[PDB]
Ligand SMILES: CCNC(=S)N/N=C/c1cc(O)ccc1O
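Coming up is one lone chain in structure tokens, specifically the form deposited without the ligand.
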């Protein structure tokens, strides 16, 4: 019996010393086993593996507690999706573009890059520690684990076409938006005024218009009477708001928003690009960067910084 010493983990923080038999596979000794995302379940240990750290599935109480506190789940389906995704996103390149971490294009990841650039420009705290840790390193330039975790938490695989707003809505449900609140009024001339309150993710996202300013002044929506009603923002308490609308030509002005999602395509497929407002307007497309003092293009999401707003209507 020849052996080597290795470490197993589920969180990459608590390391557990193991002795492994070099005549058996990792699968025979640990169950499913991953080396930096690469599935080594069906391979035998090699001399170079001494002292290396391997991911295993939560198969005992120590590992179950560690995975539960780190990912907020012990389901072996999750860690497998995460490792499968990580085996690809560790080979993506993550260039700094206009001071933000982007992703060089690969595996249809334009939507992922647009969402990653967006997460770096809005105040947000994730509840699962795995998400918050990988978030910090994603800001620092090493976003392989963040992107793999996003794909895993949203039940998305590498290469699949994706939607930025669906992605953001998933990630928001894993963030601490408990304090967020929105109060809206809907006015009809022949029916009266109705107030509704929303909390959490619903207080932070709206579908139907891109302009925060128009949201505050009022938007027309069909009413129950068959006439047309006016809906407007009464009160907002959130670190940011996300206005979305079906892709359409929109004029973005410097200094009036935080960032935005460009979308050229149809309802099945399109190209996602990222507009950000710094000292001027910038468009980021993977590793590509252009600027313009004026912008008129197809926008589908606009992000605004917010703290507390109260109407004067």
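Between two forms, the rigid core is defined as the largest C-alpha subset superposing within 1.5 Å. Residue numbers count along the first chain shown, from 1.
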(request) Give the stretch, out of 77 to 85 and 96 to 104, with the larger mean C-alpha temperature factor in the deposited entry. (result) 77 to 85
(request) Using the B-factors recorded in the PDB entry, average over the C-alpha atoms of 282 to 290 and of 32 to 40, then report which stretch comes out higher. (result) 32 to 40
(message) For the CA B factor values reported in this entry, which option in 211, 118, 230, 236 has the top one?
(response) 230
(message) Sorting 242, 131, 223, 148 by Cα temperature factor from the record, which one lands on top?
(response) 223
(request) Tell me, lowest, middle or highest third: where does the Cα B factor of residue 11 rank within its chain? (result) middle
(request) Just say lowest, middle or highest third for the CA B-factor of residue 113 relative to the other modelled residues in its chain. (result) lowest
(request) Please place residue 65 in the lowest, middle or highest third of its chain by C-alpha B factor as given in the entry. (result) highest
(request) Classify residue 141 as lowest, middle or highest third according to the C-alpha B-factor given in the PDB entry, relative to its own chain. (result) lowest
(request) Just say lowest, middle or highest third for the CA B-factor of residue 299 relative to the other modelled residues in its chain. (result) lowest
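The following text describes the form deposited with the ligand bound, which does not appear among the structures shown.
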(message) Run the clash test for me: the ligand superposed onto this form using the site C-alphas, pose taken in the deposited bound form, blocked if at least 3 ligand atoms lie within 2.4 angstroms of backbone or C-beta, else open.
(response) blocked
(message) Which is the contacting stretch out of 91 to 99, 115 to 123, 139 to 147, 75 to 83, given heavy atoms within 4.5 Å of the ligand in the deposited bound form?
(response) 75 to 83
(request) Counting non-hydrogen atoms within 4.5 angstroms of the ligand in the deposited bound form, say which of 254, 64, 44, 52 makes the cut. (result) 64
(message) Counting any non-hydrogen atom inside 4.5 Å, which residue from 240, 135, 215, 71 sits next to the ligand in the deposited bound form?
(response) 71
(message) How about residue 37 - does it come within 4.5 Å of the ligand in the deposited bound form, if we only consider non-hydrogen atoms?
(response) no
(request) Might you check 117, 229, 243, 203 and identify the only one whose CA position changes by 2 Å or more between the shown form and the other one on rigid-core superposition? (result) 229
(request) Look at residue 99 and decide if its Cα position differs by 2 Å or more between the shown form and the other one after superposing on the rigid core. (result) no
(message) If the two forms are fitted on the core, does residue 141 show a Cα displacement reaching 2 angstroms between the shown form and the other one?
(response) no
(request) Look at residue 193 and decide if its Cα position differs by 2 Å or more between the shown form and the other one after superposing on the rigid core. (result) yes
